[PDB]
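To be precise, the following lines are entry_11.pdb, and they hold PDB, C-alpha atoms and all ligand atoms.
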ATOM      1  CA  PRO O 694      10.373  23.565  26.660
ATOM      2  CA  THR O 695       8.041  21.059  28.311
ATOM      3  CA  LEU O 696       5.075  23.473  28.549
ATOM      4  CA  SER O 697       3.932  26.655  26.807
ATOM      5  CA  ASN O 698       0.914  28.778  25.847
ATOM      6  CA  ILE O 699      -0.359  28.724  29.442
ATOM      7  CA  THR O 700      -3.056  31.424  29.641
ATOM      8  CA  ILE O 701      -4.980  31.105  32.915
ATOM      9  CA  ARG O 702      -5.966  33.914  35.296
ATOM     10  CA  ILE O 703      -7.189  33.055  38.797
ATOM     11  CA  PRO O 704      -8.214  35.660  41.400
ATOM     12  CA  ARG O 705      -8.073  34.853  45.088
ATOM     13  CA  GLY O 706     -10.741  32.536  46.437
ATOM     14  CA  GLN O 707     -11.109  30.608  43.170
ATOM     15  CA  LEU O 708     -11.124  26.871  43.913
ATOM     16  CA  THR O 709      -9.902  25.523  40.561
ATOM     17  CA  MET O 710      -9.906  21.711  40.558
ATOM     18  CA  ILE O 711      -7.301  20.820  37.933
ATOM     19  CA  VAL O 712      -7.959  17.563  36.068
ATOM     20  CA  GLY O 713      -6.038  15.801  33.339
ATOM     21  CA  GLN O 714      -4.553  12.592  31.998
ATOM     22  CA  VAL O 715      -1.719  10.477  33.458
ATOM     23  CA  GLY O 716       1.221  12.784  32.834
ATOM     24  CA  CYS O 717      -0.292  15.720  30.900
ATOM     25  CA  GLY O 718       1.375  18.568  32.766
ATOM     26  CA  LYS O 719      -0.456  18.359  36.097
ATOM     27  CA  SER O 720       2.279  18.293  38.742
ATOM     28  CA  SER O 721       4.672  20.167  36.443
ATOM     29  CA  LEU O 722       2.334  23.167  36.466
ATOM     30  CA  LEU O 723       1.906  22.724  40.224
ATOM     31  CA  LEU O 724       5.677  23.237  40.506
ATOM     32  CA  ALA O 725       6.013  25.899  37.795
ATOM     33  CA  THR O 726       3.352  27.902  39.637
ATOM     34  CA  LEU O 727       5.677  28.192  42.639
ATOM     35  CA  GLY O 728       8.631  29.037  40.388
ATOM     36  CA  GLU O 729      10.619  25.793  40.223
ATOM     37  CA  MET O 730      10.442  25.460  36.415
ATOM     38  CA  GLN O 731      12.549  27.524  34.027
ATOM     39  CA  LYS O 732      10.206  29.929  32.222
ATOM     40  CA  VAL O 733      11.362  31.136  28.801
ATOM     41  CA  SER O 734       8.462  33.095  27.275
ATOM     42  CA  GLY O 735       5.944  33.889  29.995
ATOM     43  CA  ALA O 736       4.437  37.037  31.510
ATOM     44  CA  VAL O 737       3.774  36.050  35.128
ATOM     45  CA  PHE O 738       3.247  38.470  38.024
ATOM     46  CA  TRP O 739       2.104  36.888  41.282
ATOM     47  CA  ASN O 740       0.405  39.284  43.684
ATOM     48  CA  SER O 741      -1.748  39.052  46.796
ATOM     49  CA  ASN O 742      -3.970  41.200  49.021
TER      50      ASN O 742
HETATM   51  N1  LIG D   1      10.277  18.936  38.268
HETATM   52  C1  LIG D   1      10.351  18.332  37.078
HETATM   53  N2  LIG D   1      11.494  18.449  36.366
HETATM   54  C2  LIG D   1      11.576  17.847  35.177
HETATM   55  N3  LIG D   1      10.656  17.114  34.546
HETATM   56  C3  LIG D   1       9.538  17.014  35.272
HETATM   57  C4  LIG D   1       9.305  17.576  36.516
HETATM   58  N4  LIG D   1       8.032  17.261  36.967
HETATM   59  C5  LIG D   1       7.534  16.530  36.001
HETATM   60  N5  LIG D   1       8.387  16.340  34.945
HETATM   61  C6  LIG D   1       8.129  15.575  33.732
HETATM   62  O1  LIG D   1       7.247  16.320  32.913
HETATM   63  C7  LIG D   1       6.264  15.447  32.315
HETATM   64  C8  LIG D   1       4.879  15.860  32.755
HETATM   65  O2  LIG D   1       4.479  15.119  33.928
HETATM   66  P1  LIG D   1       3.340  15.652  34.882
HETATM   67  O3  LIG D   1       3.727  16.931  35.512
HETATM   68  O4  LIG D   1       2.033  15.709  34.099
HETATM   69  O5  LIG D   1       3.182  14.495  35.953
HETATM   70  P2  LIG D   1       2.109  14.070  37.049
HETATM   71  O6  LIG D   1       0.935  14.961  37.032
HETATM   72  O7  LIG D   1       2.838  13.951  38.386
HETATM   73  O8  LIG D   1       1.736  12.605  36.584
HETATM   74  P3  LIG D   1       0.652  11.475  36.876
HETATM   75  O9  LIG D   1      -0.626  11.784  36.177
HETATM   76  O10 LIG D   1       1.318  10.178  36.410
HETATM   77  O11 LIG D   1       0.520  11.456  38.399
HETATM   78  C9  LIG D   1       6.683  14.025  32.682
HETATM   79  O12 LIG D   1       7.510  13.465  31.668
HETATM   80  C10 LIG D   1       7.453  14.228  33.988
HETATM   81  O13 LIG D   1       8.427  13.211  34.195
END
Would you encode the structure as structure tokens?
Ligand SMILES: Nc1ncnc2c1ncn2[C@@H]1O[C@H](COP(=O)(O)OP(=O)(O)OP(=O)(O)O)[C@@H](O)[C@H]1O
Amino acid sequence: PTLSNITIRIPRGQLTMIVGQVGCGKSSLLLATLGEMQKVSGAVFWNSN
């Protein structure tokens, strides 16, 4: 695994400006959010209005 223990909840209309270092899981989360990263132990349920 290249990422774990991600516990963030964001309702709709929540502008969440992600900041971080040079290579500390910024774009990787941006891709894993869409579903392009293999998730091993994660409870994720995307839903909309
Ligand atoms: N799609 C991917 N598949 C495999 N490894 C990835 C993927 N995307 C990023 N990585 C790797 O995971 C690590 C985390 O990188 P990260 O996602 O933080 O990069 P970044 O935010 O684009 O970087 P930077 O701050 O330099 O712009 C790096 O070693 C990177 O090479």
Problem - Interatomic distance, atom CA of residue 731 of chain O to atom CA of residue 705 of chain O (Å, one decimal) - result: 24.5 Å
Exercise for the section: Find, counting all atoms listed in the file, the residue in O:724, O:715, O:736, O:741 that gets nearest to ligand LIG 1 (chain D). Expected result: O:715
Exercise for the section: Let me know the residues the PyMOL selection byres (((chain O and resi 694) around 12) and not hetatm) catches in the file above, as number ranges by chain. Expected result: O: 695-698, 718, 721, 730-735
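Between atom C4 of ligand LIG 1 (chain D) and atom CA of residue 720 of chain O the interatomic distance comes to 7.4 Å.
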Fill in the blank from the handout: A straight line from atom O9 of ligand LIG 1 (chain D) to atom CA of residue 723 of chain O spans 11.9 Å
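Here the question is which of O:714, O:708, O:703, O:742 gets nearest to residue 726 of chain O using all atoms listed in the file, and that residue is O:703.
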